[PDB]
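Novice: Heads up: the protein sequence lines correspond to chains A and X, in order. According to this note's numbering, the first sequence holds residues 1 to 61 in order. According to this note's numbering, the second sequence holds residues 1 to 61 in order. No residue lacks a Cβ here, since even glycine has one placed at the ideal position from N, Cα and C. Shown below is the structure under consideration.
2 protein chains.
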Amino acid sequence: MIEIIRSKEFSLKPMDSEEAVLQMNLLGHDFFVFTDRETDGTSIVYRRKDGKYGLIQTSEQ
Amino acid sequence: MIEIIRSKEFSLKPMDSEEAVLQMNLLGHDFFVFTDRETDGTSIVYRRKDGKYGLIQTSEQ
Numbered sequence: 001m002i003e004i005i006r007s008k009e010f011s012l013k014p015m016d017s018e019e020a021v022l023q024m025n026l027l028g029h030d031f032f033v034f035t036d037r038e039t040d041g042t043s044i045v046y047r048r049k050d051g052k053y054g055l056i057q058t059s060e061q
Numbered sequence: 001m002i003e004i005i006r007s008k009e010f011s012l013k014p015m016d017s018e019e020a021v022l023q024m025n026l027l028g029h030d031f032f033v034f035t036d037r038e039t040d041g042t043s044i045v046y047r048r049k050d051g052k053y054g055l056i057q058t059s060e061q
């Protein structure tokens with residue numbers, strides 16, 4: 001049985017995806033939360049095992 | 001060489017993590033973007049291979 005774990009802080013301090021993914025790779029986590037200082041908005045960086053990375057962008061609706 | 005791919009839409013329509021993770025599991029994606037209608041804020045649901053799920057919450061700073 002799973003638990004869905006609530007966690008906000010990975011790094012919230014705004015940085016590029018390259019920056020985020022960098023640290024995503026340090027944890028070895030399949031994904032990392034970062035905001036992009038451009039707009040200071042939330043964008044998540046994930047490990048695309050195809051040789052890419054999956055970037056998501058949320059600014060609410 | 002990677003590309004960081006920009007994509008916002010997985011489902012932005014606000015739903016619980018359970019709801020999101022459900023569909024995360026339909027894609028087989030290690031993670032899924034959903035907002036939580038509670039506050040209508042962004043929270044990402046990810047596949048914790050430990051038998052959990054990783055939930056992230058972003059409401060900006």
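Helix, strand or coil for A/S7 per DSSP?
Specialist: Strand.
Novice: Could you tell me whether the Cβ of A/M1 comes closer than 9 Å to any Cβ of chain X?
Specialist: Yes - at least one Cβ of chain X is within 9 Å of the one on A/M1.
Novice: Assign X/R37 to buried or exposed, taking buried as 16 or more other Cβ atoms, counted over all protein chains shown, within 10 Å of its Cβ.
Specialist: The residue in question, X/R37, is exposed, as its Cβ has fewer than 16 Cβ neighbours within 10 Å.
Novice: Measuring only between beta-carbons, confirm whether A/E60 sits less than 9 Å from chain X.
Specialist: Interface residue, yes.
Novice: Looking at the structure shown, is A/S43 part of a helix, part of a strand, or coil, going by DSSP?
Specialist: Here A/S43 sits in strand by DSSP.
Novice: I'd like the span of the alpha helix (DSSP H) that includes A/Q61, first residue to last.
Specialist: Here A/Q61 belongs to no alpha helix (DSSP H), and DSSP marks it neither H nor E.
Novice: Comparing alpha-carbon positions, which option in X/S7, X/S59, X/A20 lies nearest A/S17?
Specialist: Taking only the C-alpha atoms, the option nearest A/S17 is X/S7.
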